[PDB]
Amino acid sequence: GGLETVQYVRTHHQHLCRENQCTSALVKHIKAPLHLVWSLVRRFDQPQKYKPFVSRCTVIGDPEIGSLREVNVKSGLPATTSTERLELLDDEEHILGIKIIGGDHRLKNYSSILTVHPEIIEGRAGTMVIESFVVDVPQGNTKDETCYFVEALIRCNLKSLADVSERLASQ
């Protein structure tokens, strides 16, 4: 199911990419009810409640579909700021899509789709999160390098999402 979407994206989808584009998917299992995980992920205006590298986020007006956020990130990264647009938010089906449309970083034409799914983990309510992205390969890099570096960032985000969710769940 999870491993299945990951194999389809890394193979079929990667086959569909432009030569200067790459794509992958990450799966994370989280020992918390879907309501808790979804309540964190859906907050387009508050990524810093679980994304470890976001220092600041500004949204003017309601964080509704089509809005923009400006995020500042912590020191130590090849970036200081990113402007991102909310492309999709479906509270009934639990799907979130974003596109990065500006900033001083190296990710051009980055789009992500994140979905959240209910499951059982050791006889308890759990949640599976799948996040997939497509992004351009910056000039002097390869698809592999770009994918692995972006994957590291998403894994940090989903691990932190899991930690926060499971902490909240134990209450």
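Each residue number is its position in the shown sequence, starting from 1.
For the segment pair 116-124 and 129-137, the entry gives 116-124 the higher mean B-factor, averaged over Cα atoms.
The PDB entry reports B-factors from which the mean C-alpha value can be compared for 5-13 and 152-160; the larger average falls on 5-13.
Across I65, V54, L107, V41, the entry's maximum B-factor at the CA atom is seen for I65. Ranked by C-alpha B-factor against the other modelled residues of its chain, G61 falls in the highest third. Among the modelled residues of its chain, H35 has a C-alpha B-factor that falls in the middle third according to the deposited record.
When the modelled residues of the chain are ordered by C-alpha B-factor, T83 sits in the lowest third.
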